[PDB]
Amino acid sequence: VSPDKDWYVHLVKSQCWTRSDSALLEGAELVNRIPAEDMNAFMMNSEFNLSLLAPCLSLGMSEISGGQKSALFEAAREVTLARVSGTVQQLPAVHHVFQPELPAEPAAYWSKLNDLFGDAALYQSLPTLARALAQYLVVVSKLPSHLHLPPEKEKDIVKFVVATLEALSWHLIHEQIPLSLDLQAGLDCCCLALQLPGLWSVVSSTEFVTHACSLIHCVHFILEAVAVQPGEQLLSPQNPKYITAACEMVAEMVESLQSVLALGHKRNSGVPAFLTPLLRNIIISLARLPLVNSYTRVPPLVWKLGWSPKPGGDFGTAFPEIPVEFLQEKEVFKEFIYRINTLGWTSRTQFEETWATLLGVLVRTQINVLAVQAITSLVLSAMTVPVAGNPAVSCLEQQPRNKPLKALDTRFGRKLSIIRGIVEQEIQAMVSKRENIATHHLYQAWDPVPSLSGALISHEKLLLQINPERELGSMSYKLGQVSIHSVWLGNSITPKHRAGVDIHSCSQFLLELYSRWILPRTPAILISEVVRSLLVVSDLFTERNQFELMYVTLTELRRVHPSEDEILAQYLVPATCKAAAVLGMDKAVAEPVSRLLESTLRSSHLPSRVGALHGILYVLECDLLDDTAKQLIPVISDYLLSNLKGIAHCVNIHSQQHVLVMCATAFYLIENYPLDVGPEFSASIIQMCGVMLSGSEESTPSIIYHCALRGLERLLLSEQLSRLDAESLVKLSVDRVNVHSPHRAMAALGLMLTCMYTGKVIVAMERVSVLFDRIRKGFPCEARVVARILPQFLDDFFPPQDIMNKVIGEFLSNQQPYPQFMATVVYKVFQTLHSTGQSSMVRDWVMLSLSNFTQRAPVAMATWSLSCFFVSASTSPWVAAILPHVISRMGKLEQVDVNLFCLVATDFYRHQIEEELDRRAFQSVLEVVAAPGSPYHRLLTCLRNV
Amino acid sequence: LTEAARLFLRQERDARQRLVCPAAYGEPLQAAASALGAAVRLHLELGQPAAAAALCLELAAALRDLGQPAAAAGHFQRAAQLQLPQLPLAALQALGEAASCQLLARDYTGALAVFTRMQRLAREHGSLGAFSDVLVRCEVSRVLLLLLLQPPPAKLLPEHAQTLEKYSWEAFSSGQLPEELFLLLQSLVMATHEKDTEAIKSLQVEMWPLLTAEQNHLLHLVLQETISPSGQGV
């Protein structure tokens, strides 16, 4: 047979036109190689496995996220959208709410429905299409202009998500619990469709009210079926009845977010913990609907009183803003705060309404503290990057202190970039708090770092920038959110208003009302909260007179307030440091910040010292600290050494915020002040970090391990190091790769990759040996990742003659637990040799298939390894493009397998050997193995026929 | 310092769960480390090991409520260690909570190392009626975790080898499990080891009523790792 385009396409149809979820990744890789011009006639065919649209979309996205244009992604997107429109054109014309309890009310409808979703010939295609649609919608936020979802398909996608949740709930009513993947796909489409503004403008309109109440009814019924046993309620203390039902159901759900859907609560133990994030996000996005938003923001304790106006909002449920004479009661105020903080604000008018409300409450014992906290959180709400008042879409905007590394954007740097982005992707997926992420998709993590030149900065450009003091994946407000350089850079401050909402007026009003409120018998618990609110809002101050007023207020407060506060200093010190170091810390007045820091670092209780360290980090940001009057440096370094030498053997005992901020300060000192932070000062903590990274999984928590390790990776990657502690750093990296925890092994592997790519003969062989050992005795995740980074490591460190024996020896082994990965490693290596004109070394090594191959007790595995090897060492396309097909069958000695193996070996014998004496040398190895059995004897016959 | 614990935890539970405050310094936790985390050590150094760990059982539950699963798991395990060689049931409940938190942290090889410790303490101390309620959760958990991780034969302890061996037709028996759950577990082990998707899907749909929420999470994870493996980058 001629192994050509048509043979290949037939072989692709043999695996990607069934209905089976065995080898979906390899199926996507096989469809990838189909000609781009003839790919959509291949996926829009009625037999196509619809379970491949998620792997095809993921592979296309990984090809586009790599910059290159992807045609498989275009095909999979076209097919997903066409299939969605198709499966939506079957639903009945008019839509009735899906009262998941009302006994079949629209009989005809509720029967024309069952006939279209009670059967498995269509219902089975709803979640396998929802998986594709959720894999598409989760990456529309990072696509080009012509790859977003069109404006025409938005109504159809809303109807499809409605129908998918309706079908899932119908299954739950009649049949048993659908499936974990079906549930997940339906809720994923729901969440990701209410997360996009293009579809949020369609669901939340007026002709889609029945669909909104269907979503609400179905989500409530699913939460009831999943989270509670039959016979109990969710919580443990005119117009279409369904509208009021929807209002009350969303109110109950929002009230549940505190207990039943709070991950780790004593009541969330009923939800299977893979539905908690999806349901939280869906409930938030539903509560923000204009239909139910007006009702949802009113606490229940208001209806428990005599409040019941006559509403109207084109639905009949637009209630007015709570009369502030109700919030003077505490519990009602705390519930209102919870509603407006969890839900955020849906528009500028709503921000202004709740602003004026909390102002009227702000004018009294403790209502003032609650009002101040609500106010500061409310102004911080406009800080978020993606969509400003949307807690489902957005997270708090942070500009890190660390500048982009200059070692990258080089020759070796741009290769370390790739091979460390891989390891970082996996460390993200394996240890990140998926806090800004709701769905299950792994390779989706992003960071809230908008450019200060704006559009969000792509995550693969933030390798070692994100302040090494915040937990990997944690997006809450951390003290030190916005760096001071960012303050000088965004609004040009010599050392406007936020999204849709005038924050200059809010900031100025708050600054005047705070200054006039703490300088002259205000209680202590009020002064401390005003200072905390000032520190938190000073992330939104724009002018320099705002910061100067803040500084003069805070220093007069320091002078007036007594020293016996201990709970005011935690916010007095970092706020004063932020102000004084935005003013370009000078000698005249911004100098006695060093005295304040020196005094607060010898404190008695920890939070004052953590605040002092955040203030120190605020100063060095780009102040000439002190002004070459840096006499704070010796103090900072002595404190850091004395209090990190103790907390290095037992770390889980001491607080984690303290250790994290101490490490962040130490790394900033070593990298930015390497001539004042003494010399060995680095090595000293490159030992503290050694005694911390080398601890057992109990003696070193995971987040502290990953900070210290990523900070060390930056310290080495930044050229601000002597070659004496860097030499002390290349040794520590290798002792941590042979660890049991897979994510710790992956972190140590990333540090080793930087130790190798930055500081640049048998050492390289020791390192490749440890990599092969992590393939051979690791978990499938870690082993797949290491085998995915290995081809580049190999082709970039040592010439192919050195390791070509080792790669084949690790492929052909009995101690090899995952030969299905080493197949791809050998493939990448050989196909790299077929580009650099070294296609003669590869044949020299394949002619070394005498004893290594053809000698493997499971003859099935012997012929499988022979087929993998002869596919790898093939200069022909359509033969090298079937390795995903041969990896999908690691045993399975069928007859078509043998036909494949004979064809592949015949192609090799015809195209690569070309030497008759070597041809006979090749022929007289199947005769020793002989095997009159099918595989070799058929190969010998076909070779005699050639 | 035990009612001060209530004060300084509610002063954090307010801003976290009651009135969600997306403006938290993170201030009352680094201080929540006092009283609780503080006497946690004081109780020991002066001596009250019996109830000393109860303070940590409250502080760990608080930490898990706030969204710190890993440190909550650490404190839970420490409590289990503190109460162990005097009270089996207390430390077994603590270890169960620690395994739950570690599964919240997506730390599977550390959760399996606690399930194996429970399962092996329940036996060597089952010499009641709840021991054969931890041996029925730990066995199913451990099997689902070993099916999710899939360790290679090299780094696979004798314990896990014995367990994953118990559930193939070379073996029939039920130990402490109910017969139907054992048959489902055996069919699931045999179907996953033989790269069978539809069998595992049918088994997920059939087993959902018999498994708890944690183990249903784990069975969904097994099914997902089977369908779309984690590490390919796509």
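Numbers and lists here come from the model and the stated rules, or from a named source; no laboratory instrument gave them. Here the Cβ positions follow ideal geometry from the backbone for every residue, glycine too, while neighbour counts run over all protein chains shown.
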- Please determine, by comparing only the residues of the stretch A:722-777 that are small (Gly, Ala, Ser) and closer than 23 Å to B:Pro152 by Cα, which one is surrounded by the most Cβ atoms within 10 Å (Cβ to Cβ). A:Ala747
- Query: Quick one: B:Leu218 ticks every box in (1) of a type in the set (A, V, I, L, M); (2) more than 10 Å from every other protein chain (Cβ to nearest Cβ); (3) part of a helix (DSSP H, G or I) bar one, so which box is it?
  - Reply: (2)
- Task: Answer yes or no: is there a residue in the stretch A:436-444 that is under 13 Å from the mean Cα position of the chain (by Cα) and outside any loop (DSSP other than H, G, I, E, B).
- Result: no
- Message: For the stretch A:803-844: of the residues being part of a helix (DSSP H, G or I) and of a type in the set (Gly, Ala, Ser), which is surrounded by the fewest Cβ atoms within 10 Å (Cβ to Cβ)?
- Response: A:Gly809
- Would the stretch A:705-716 turn up any residue that is over 21 Å from A:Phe681 (Cα atoms) and within 14 Å of chain B (Cβ to nearest Cβ)? yes
- Query: Is it the case that the stretch A:624-632 has a residue that's within 14 Å of chain B (Cβ to nearest Cβ) and in a helix (DSSP H, G or I)?
  - Reply: no
- Answer yes or no: is there a residue in the stretch A:212-225 that is surrounded by fewer than 20 Cβ atoms within 10 Å (Cβ to Cβ) and within 14 Å of chain B (Cβ to nearest Cβ). yes
- Note on the structure: Of the residues in the stretch A:108-142, those that are of a type in the set (A, V, I, L, M) and more than 14 Å from A:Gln90 (Cβ to Cβ) number 10
- Message: Among the residues that make up the stretch B:205-227, is at least one of them in contact with a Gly (Cβ under 7 Å, 6 or more places away or on another chain) and either outside the structural domain of B:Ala80 (by TED's automatic domain parsing) or on the phi > 0 side of the Ramachandran plot (or both)?
- Response: yes
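A quick yes/no check of all residues on (1) within 14 Å of chain B (Cβ to nearest Cβ); (2) assigned to a helix (DSSP H, G or I); (3) within 25 Å of the chain's Cα centre (by Cα):
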{"residue": "A:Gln184", "(1), (2), (3)": "yes, yes, yes"}
{"residue": "A:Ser201", "(1), (2), (3)": "no, yes, no"}
{"residue": "A:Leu234", "(1), (2), (3)": "no, no, no"}
{"residue": "A:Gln238", "(1), (2), (3)": "no, no, no"}
- Taking the options A:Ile685, A:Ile653, A:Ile647, name whichever one is β-branched (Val, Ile, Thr) and surrounded by 21 or more Cβ atoms within 10 Å (Cβ to Cβ). A:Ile685
- Item | Residue count, the stretch A:13-56 (criterion: assigned to a helix (DSSP H, G or I) and closer than 15 Å to A:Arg131 by Cα) | 10
- Considering each residue of the stretch A:317-363, count those that are under 21 Å from A:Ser476 (Cβ atoms) and among the aliphatic types (A, V, I, L, M), and give that number. 3
- Enumeration of residues in the stretch A:161-177 that are crowded, with 24+ Cβ neighbours inside 10 Å and within 14 Å of chain B (Cβ to nearest Cβ): A:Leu168
- Query: Of the residues that sit in the stretch A:313-365 and are of a type in the set (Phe, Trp, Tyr) and assigned to a loop (DSSP other than H, G, I, E, B), which one is surrounded by the fewest Cβ atoms within 10 Å (Cβ to Cβ)?
  - Reply: A:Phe326
- Message: Of the residues B:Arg41, B:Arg10, only one is over 30 Å from A:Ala575 (Cβ atoms) and either at the interface with chain A (Cβ under 7 Å from one of its Cβ atoms) or in a helix (DSSP H, G or I) (or both); which?
- Response: B:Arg41
- the stretch A:633-658 - residue that is among the aliphatic types (A, V, I, L, M) and within 11 Å of chain B (Cβ to nearest Cβ) and, of those, farthest from B:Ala33 (Cα to Cα): A:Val651
- Query: Given A:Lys266, A:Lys310, which one is more than 20 Å from A:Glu101 (Cβ to Cβ), among the basic types (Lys, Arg) and not assigned by TED's automatic domain parsing to the domain that holds A:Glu105?
  - Reply: A:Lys310
- Do we have B:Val20 as among the β-branched types (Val, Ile, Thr) and out of contact with any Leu (no Cβ under 8 Å at 6 or more places or on another chain) here? yes
- Would you say B:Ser34 is of a type in the set (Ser, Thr, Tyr), more than 24 Å from A:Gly270 (Cα to Cα) and part of a helix (DSSP H, G or I)? yes
- Query: Where residues in the stretch B:13-37 are facing chain A (nearest Cβ under 7 Å) and under 26 Å from the mean Cα position of the chain (by Cα), which of them is surrounded by the fewest Cβ atoms within 10 Å (Cβ to Cβ)?
  - Reply: B:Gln17
- Message: For the structure I just gave you, tell me whether A:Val928 is exposed (fewer than 15 other Cβ atoms within 10 Å of the Cβ) and in a helix (DSSP H, G or I).
- Response: yes
- Task: Write out, first by first residue and then by second, each pair whose Cβ atoms fall under 7 Å of each other, whose residues are 6+ apart or on separate chains, and whose first residue, in the stretch A:928-940, is over 14 Å from A:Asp897 (Cα atoms) while the second is in a loop (DSSP other than H, G, I, E, B).
- Result: A:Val929/A:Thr854; A:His937/A:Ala931
- Message: Out of A:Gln373, A:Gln444, A:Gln398, A:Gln428, I need the residue that is crowded, with 18+ Cβ neighbours inside 10 Å, within 14 Å of chain B (Cβ to nearest Cβ) and in contact with a strand residue (DSSP E or B) (Cβ under 9 Å, 6 or more places away or on another chain). Which one?
- Response: A:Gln398
- Checked B:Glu206, B:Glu165 against criteria (surrounded by fewer than 19 Cβ atoms within 10 Å (Cβ to Cβ) and within 14 Å of chain A (Cβ to nearest Cβ)); the one match is B:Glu206
- Message: On the basis of being surrounded by fewer than 20 Cβ atoms within 10 Å (Cβ to Cβ), within 23 Å of A:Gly490 (Cα to Cα) and within 11 Å of chain B (Cβ to nearest Cβ), does A:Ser476 make the cut?
- Response: yes
- The one condition in (1) in a helix (DSSP H, G or I); (2) more than 8 Å from every other protein chain (Cβ to nearest Cβ) that B:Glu198 fails to fulfil: (2)
